[PDB]
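Novice: Just dropping in an experimental structure and the matching sequence.
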Amino acid sequence: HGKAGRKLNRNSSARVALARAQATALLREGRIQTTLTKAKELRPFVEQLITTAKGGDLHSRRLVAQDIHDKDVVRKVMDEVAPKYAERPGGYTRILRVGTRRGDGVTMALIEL
Amino acid sequence: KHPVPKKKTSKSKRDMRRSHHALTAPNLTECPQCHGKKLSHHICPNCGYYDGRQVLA
Amino acid sequence: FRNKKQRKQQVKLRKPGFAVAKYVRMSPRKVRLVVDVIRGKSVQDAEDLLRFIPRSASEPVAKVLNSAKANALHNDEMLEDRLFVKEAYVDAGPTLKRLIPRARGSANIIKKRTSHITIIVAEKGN
Amino acid sequence: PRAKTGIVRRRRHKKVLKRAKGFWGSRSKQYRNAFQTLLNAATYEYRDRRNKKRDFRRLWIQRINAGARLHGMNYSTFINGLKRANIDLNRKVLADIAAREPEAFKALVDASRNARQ
RNA sequence: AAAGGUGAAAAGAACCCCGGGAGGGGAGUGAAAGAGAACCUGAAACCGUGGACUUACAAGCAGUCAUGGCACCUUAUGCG
RNA sequence: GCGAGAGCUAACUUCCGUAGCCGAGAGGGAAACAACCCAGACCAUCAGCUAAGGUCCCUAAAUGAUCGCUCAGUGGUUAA
RNA sequence: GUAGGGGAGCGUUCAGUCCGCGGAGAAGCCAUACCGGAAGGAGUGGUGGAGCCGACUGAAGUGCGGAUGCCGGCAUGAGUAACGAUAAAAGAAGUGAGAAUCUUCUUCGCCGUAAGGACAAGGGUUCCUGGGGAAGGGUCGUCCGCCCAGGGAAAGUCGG
Ligand SMILES: [K+]
Ligand SMILES: [Mg+2]
Ligand SMILES: [Mg+2]
Ligand SMILES: [Mg+2]
Ligand SMILES: [Mg+2]
Ligand SMILES: [Mg+2]
Ligand SMILES: [Mg+2]
Ligand SMILES: [Mg+2]
Ligand SMILES: [Mg+2]
Ligand SMILES: [Mg+2]
Ligand SMILES: [Mg+2]
Ligand SMILES: [Mg+2]
Ligand SMILES: [Mg+2]
Ligand SMILES: [Mg+2]
Ligand SMILES: [Mg+2]
Ligand SMILES: [Mg+2]
Ligand SMILES: [Mg+2]
Ligand SMILES: [Mg+2]
Ligand SMILES: [Mg+2]
Ligand SMILES: [Mg+2]
Ligand SMILES: [Mg+2]
Ligand SMILES: [Mg+2]
Ligand SMILES: [Mg+2]
Ligand SMILES: [Mg+2]
Ligand SMILES: [Mg+2]
Ligand SMILES: [Mg+2]
Ligand SMILES: [Mg+2]
Ligand SMILES: [Mg+2]
Ligand SMILES: [Mg+2]
Ligand code: NA
Ligand code: NA
Ligand code: NA
Ligand code: NA
Ligand code: NA
């Protein structure tokens, strides 16, 4: 078979620098457009990241800094975003698929908070 | 080159092969906001709504 | 009647609802793929499908559709709410031969096909 | 003085090609394959002129022995029963008689039996 | 190496419609645009659209002969 | 095929003599098959008689007549 | 009926001669169910837009399915194999008729005895600026080492 559990597009360091870069991006900008797949892949990673940061303990922060190597952003998610997302069970992230593209013909989508 | 074909193929055969190449027509919907036709489970590229309006017109 | 000469100066010979894009830098075959979906159906529908078909022939095919409509409406004074793609088709144009270097010294020739996308609109007529 | 081959080869070729009607494939569209078909075509045409006669004869017989059998005789017995009597010498067309007019052919059979035993 | 050809003469398309363009449709010039400038004729391979008659249990050098069905009647309502 | 040599009285073998056919020979028969059997195609025909071969069915033509054989599927691969 | 010999003719170009046809229209091309014993010939229609049948006679660069023939065009393989080092990239913003591919920003990654820098040889405007988007660019392209115009190169002592 192949009944595993994740996606891959490149190697091992890649899917990482990706998920990180994109998580940072979204956290910073509140909404981004990207390929529907990359979006799908980002959803749970970032949801989980809110839940970590959603703790307040310096630990939780120092955890979050492993992924978000941008200070302004760590502070944002930590002190602003997490707090706000305090009463809702989990995960406020949603995906809206725009439409096909011209360059390569790939369906695009928007992920946002 | 080992992968060579014996005879040239007939118009007939060479077309029967292509009898599976017909693109499907995009099933389009009517947008309940700006009466424009859009793609199901997507966002109306015209007015920009999808239950209230998301993208910039 | 008269003969073969007079008829020539008495009639100029018009093409009701006819548009052609000649020399389109695409291979006929693909464009056939795109056109096939419009073969004999509402011009409205036509415009709508071309707007979503993920192929790139879509564009020029569209542009020509519109130019036809334009003609039927301004040069032929037809009723656009009854317009439809009576007939449409793609002919091969001249070809762009290019010399593409292969291995070991041998060369080939890439063939860059072109197209004369034509489309002709018409009132349904019940 | 020079003499191109102009217009000659075209016409020859077109004559050939126009022969090709129900001709499948390039048999009907590429000269060489056309002409080439036309050879073996010759063969069939000429032999079939001779063969069609065999065919038909066979047909007529196949009907005649049936007729014969409808009463209680056969083809051997029946024709033979027209040889013994210089009377009946139809032979040709007889099939049409057994196919259209049954009564007539019955009379012929009865005649054949009467001119035998 | 290959490569010729608008028209009698440029009057070789002001203006309008689609399009970034290319391209095209009108209008006008001209005998002619069925000569429109990658313009005398425009064969064949080759690609395609429309129509008629047909094809999804048979082994096919792709014909030939015979018969039946369907369709069309400008050398041609009965010969094809 | 006949008459010889050579060869194991082998070879779709080879080398001579002689007859016929193929080569340049269509047609019928032998399932198919150059040679074998019958027969040498001037052309046309919804005419008739025969040859070699056959006459249950798949192709045309007596599941014909009388007197025998063979229990074998011999016919439808061979000998001491 | 093969090699081969013999006989009678068809067709094409040029030439002489004769009868002629052509703007209400030649040749050529396209269709066709007619004629002749064959090569072939003719009527009608369509296209075409200038020249050309028939008869007789003379002369040939005179008849093509083949030669792994020559030239040219177009097919099949098929929307197939590939798109040229496995140093991946992501988001925002801008421009635009049109951006995955151009511009800017913030990150990410890779070379760093180089994948940095400066010369000789060699290539000759490829530099700079402003335009352009046919073709080149292995995709797009608004960009480019591509196209167009304009500018730029300064020696008593560094090379000769
Ligand atoms: K124009
Ligand atoms: Mg690593
Ligand atoms: Mg006029
Ligand atoms: Mg006979
Ligand atoms: Mg021998
Ligand atoms: Mg010989
Ligand atoms: Mg036989
Ligand atoms: Mg007999
Ligand atoms: Mg006998
Ligand atoms: Mg029988
Ligand atoms: Mg046995
Ligand atoms: Mg003139
Ligand atoms: Mg010669
Ligand atoms: Mg050849
Ligand atoms: Mg070979
Ligand atoms: Mg060639
Ligand atoms: Mg595919
Ligand atoms: Mg394949
Ligand atoms: Mg594959
Ligand atoms: Mg590939
Ligand atoms: Mg490779
Ligand atoms: Mg690569
Ligand atoms: Mg890249
Ligand atoms: Mg090192
Ligand atoms: Mg210099
Ligand atoms: Mg530069
Ligand atoms: Mg370009
Ligand atoms: Mg390109
Ligand atoms: Mg100086
Ligand atoms: Na991975
Ligand atoms: Na068809
Ligand atoms: Na002989
Ligand atoms: Na045998
Ligand atoms: Na003719």
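Specialist: Yep, it's here. Numbering: from 1, shown residues only, chains lettered A, B, ... in the order given. Ligands and ions are numbered 1, 2, ... in the order given.

Novice: so residue A:94 makes contact with residue A:112?
Specialist: Yes. Counting by Cβ atoms under 8 Å, residue A:112 is a contact partner of residue A:94 at 6.3 Å. Just so you know, the C-beta spots here come from the backbone N, C-alpha and C atoms, and that holds for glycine as well.

Novice: Comparing the two, which residue is more hemmed in?
Specialist: residue A:112 (16 against 12; other Cβ atoms under 10 Å in any protein chain shown).

Novice: Pull the contacting residues for residue 28.
Specialist: Answering for chain A, as no chain was given. Contacts for residue A:28 (Cβ atoms under 8 Å, 6 or more residues apart in numbering or on different chains) come out as A:70, A:72, A:73, A:76.

Novice: was after chain D, sorry
Specialist: So residue D:28 contacts D:17, D:20, D:21, D:34 (Cβ under 8 Å, 6+ apart).

Novice: Can you report how many residues lie near the closest residue to RNA strand F within chain A?
Specialist: Among the residues of chain A, residue A:1 lies nearest to RNA strand F; the distance is 54.6 Å by Cβ to the nearest atom of the strand. Applying other Cβ under 10 Å, we find 3 residues neighbouring residue A:1.

Novice: Quick check: the gap between residue B:18 and chain C.
Specialist: 9 Å (Cβ to the nearest Cβ, to the nearest Å).

Novice: oh, I was asking about residue D:104
Specialist: 62 Å.

Novice: any idea how far residue D:83 is from the residue nearest to that residue when sequence neighbours are not counted?
Specialist: In this structure, residue D:104 finds its nearest non-sequential neighbour in residue D:97, 5.6 Å apart by Cβ to Cβ, 6 or more residues apart in numbering or on different chains. Distance of residue D:97 to residue D:83, given as Cβ to Cβ, to the nearest Å: 17 Å.

Novice: Can you mark which positions in stretch D:17-33 are buried?
Specialist: Across stretch D:17-33, burial judged by 16 or more other Cβ atoms under 10 Å in any protein chain shown covers D:17, D:20, D:23, D:27, D:28.

Novice: and RNA strand E, which of those residues reach it?
Specialist: Residues of these in contact with RNA strand E (Cβ under 7 Å from any atom of the strand): D:23, D:27, D:28.

Novice: quick one: residue C:65 and residue C:41 touch, right?
Specialist: No. Look at residue C:65 against residue C:41 with Cβ under 8 Å: they stay out of range, at 11.5 Å.

Novice: Report the set of residues contacting both of these two.
Specialist: By Cβ under 8 Å, 6+ apart, the residues touching both residue C:65 and residue C:41 are residue C:85.

Novice: More neighbours: those two, which one.
Specialist: residue C:65 (23 against 14).

Novice: For that one, what is the enclosing helix or strand?
Specialist: In the assignment (DSSP states H and E), residue C:65 maps to helix C:58-74.

Novice: Can the helix or strand just after that helix be said to contact chain B?
Specialist: From helix C:58-74 onward toward the C-terminus, using DSSP H and E, the following helix or strand is strand C:83-92. No. With Cβ under 8 Å from any Cβ of the partner chain as the measure, strand C:83-92 is seen stopping short of chain B, the closest distance being 13.4 Å.
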